[PDB]
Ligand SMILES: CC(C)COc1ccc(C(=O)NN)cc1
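In structure tokens, the next block holds one chain alone, the form deposited without this ligand.
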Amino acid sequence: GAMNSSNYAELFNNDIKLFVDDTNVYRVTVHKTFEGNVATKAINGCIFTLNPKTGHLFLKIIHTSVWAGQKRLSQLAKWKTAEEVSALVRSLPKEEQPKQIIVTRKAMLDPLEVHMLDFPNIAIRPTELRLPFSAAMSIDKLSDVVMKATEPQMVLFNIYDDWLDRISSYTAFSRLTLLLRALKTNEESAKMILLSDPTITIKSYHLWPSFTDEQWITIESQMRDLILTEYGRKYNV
């Protein structure tokens, strides 16, 4: 059923699973029209489909053309997300197909379940975890490929760079969620922390800087402190 704190270790076992986050599929800027009414302009979006064990990210770019002449776009966005996830599973070899798909928002359950009728043995699960995957568009290289897309496109990343050479997927996932939580709370501060020392670079084939084990401990501490600071502001505590 629902994924939470109690069954956390299950994310890192050997059963293939994917997280799906639909929060950046339908993206708009709200603006004033010449007559002083309000209008939206859509921008390129993305489905964020992540294997939490391996770091493999299936970033399906949603081009603005998919909304052209459609009504009830916030509803369509859930169905288009389910259609694309379904097409991705069918495109994978059998032994690569997930046994579970966890949706980060409960509104995805019915759309994904109706699109995956052909896969009755794939479990569609919600989560009680508050995951920060909305902040994926705060990762410069992911944001760049989405905004430059001129057509629908699938781009394959490893969101953990080479971390699994040195740490477990449990620790890699904890690092990723803390980075994304920081980027989501204070994007400017988070990004300042990640580039503060210009000697540490992002390899062409990576998303994050090349921190040594010791520099990661420092960065992780700075991210935690950023999250408490911001918290003792929202709430004044």
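Quick note: we count residues from 1 along the sequence shown, nothing fancier.
Same protein, other form: the form deposited with this ligand bound, not shown, and the subject of what follows.
In the deposited complex, no heavy atom of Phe48 sits within 4.5 Å of this ligand. By the criterion of a heavy atom within 4.5 Å, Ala123 is excluded from the residues contacting this ligand in the deposited complex.
Of the heavy atoms in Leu131, some are within 4.5 Å of this ligand in the deposited complex. Applying a 4.5 Å heavy atom cutoff to this ligand in the deposited complex picks out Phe173, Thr177 from 151-177, in order along the sequence.
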